[PDB]
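Atoms within each ligand, like the ligands themselves, are counted from 1 in listed order. Chain naming here is simple, since letters A, B, ... match the order of the sequence lines and numbering starts at 1 in each. Values below: all heavy atoms of this structure, side chains included; hydrogens, waters and symmetry mates excluded.
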Number of protein chains: 2
Amino acid sequence: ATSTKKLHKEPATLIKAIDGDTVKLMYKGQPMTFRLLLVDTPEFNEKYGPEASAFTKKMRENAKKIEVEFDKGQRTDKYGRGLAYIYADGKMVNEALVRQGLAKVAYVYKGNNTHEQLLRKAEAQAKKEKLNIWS
Amino acid sequence: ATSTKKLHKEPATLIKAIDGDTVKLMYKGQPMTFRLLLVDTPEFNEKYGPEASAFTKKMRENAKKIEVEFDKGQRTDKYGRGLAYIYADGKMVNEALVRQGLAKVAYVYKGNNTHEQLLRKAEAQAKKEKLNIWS
Ligand SMILES: Cc1cn([C@H]2C[C@H](OP(=O)(O)O)[C@@H](COP(=O)(O)O)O2)c(=O)[nH]c1=O
Ligand SMILES: Cc1cn([C@H]2C[C@H](OP(=O)(O)O)[C@@H](COP(=O)(O)O)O2)c(=O)[nH]c1=O
Ligand SMILES: [Ca+2]
Ligand SMILES: [Ca+2]
């Protein structure tokens, strides 16, 4: 019967965004996952985890230019991720996350802490304003 | 010397978008790749390939709601991809691509051709307007 031939729409959603302190990029011919130096965003299932992922996706998606800046030490972590400061039209993602209270300054290792004080300043300002993680 | 401690920014880019006739979605708890029924976008290295990928990404990224609609036949192709019509706020991605001359109507198989004439109408209109593939 013609009445039984109609189709039906079902729900779907986007695939879960990766944690906000990580970003996938093509660097010198290589897709790779970068882990953002000196910061930690919460896990997906923790308060601010999805907001931090959304924030980094927004920064990456809107950027006319993305740049990677390695520090003086190791270029990868023990999980094989690239370790860098990531910039979106000249604005450092690692600093913005901290400035908005969506990441804490964390994972400070020798040789890879050039921007430590810069990020601590951003964190202090997020705390003073009681933003997100600091609210 | 303090002068040699400065870091340097290097180029990076987004990872290549997937072909415009495919979309990755979470469906009933499962991330999977859907191949859009009844259409074919060009390959990445063919004219309109990147424009078609960009178009589908734009539709998926802006949607408040995404829906999947299977046809009456096979739910997967021989590559293990889901076969469906994909809608973004009620607008069918498969039809839009064809309507803009970014995909041709193609891969018409028995049991999975419910929207064949709808898509042929969209294609005829893209051709009449000499859009993209038809220019
Ligand atoms: C940022 C950073 C993380 N890591 C490691 C420390 C943690 O692994 P261990 O717990 O095994 O020590 C992990 C946290 O990353 P995530 O916050 O992405 O989970 O990544 C580094 O080794 N170097 C770094 O610079
Ligand atoms: C759309 C569609 C494609 N396919 C197969 C046909 C082509 O594989 P064969 O060339 O091995 O026959 C391939 C084209 O997909 P792509 O355009 O994604 O490359 O996908 C189906 O089997 N069923 C379908 O409905
Ligand atoms: Ca983390
Ligand atoms: Ca194709």
Looking at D71(B), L38(B), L83(B), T41(B), the heavy atom closest to atom 25 (O) of ligand 2 belongs to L83(B)
Near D21(A) (heavy-atom distance under 4.0 Å), the atoms of ligand 1 are 17 (O)
**Item:** the Ca ion (ligand 3) reached by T41(A) (N, O or S, under 3.0 Å)
**Value:** yes
Check your understanding: Does any N, O or S atom in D19(A) come within less than 3.0 Å of the Ca ion (ligand 3)?
Key -> no
**Prompt:** Under 3.5 Å, is there a donor-acceptor pair linking the side chains of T114(B) and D71(B)?
**Reply:** yes
Nearest non-hydrogen protein atom to atom 11 (O) of ligand 2, with distance, is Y79(B) OH, 2.4 Å
The closest protein heavy-atom partner of atom 12 (O) of ligand 2 is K78(B) NZ, 2.7 Å
Contact (N/O only, under 3.5 Å) between [X] and ligand 2:
| X | answer |
| --- | --- |
| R35(B) | yes |
| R81(B) | yes |
| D77(B) | no |

Taking the non-hydrogen atoms of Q74(A), is any one of them nearer than 4.0 angstrom to ligand 1?
no
>> Can you tell me if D40(B) contacts ligand 2 (heavy atom of the residue under 4.0 Å from the ligand)?
In response: yes
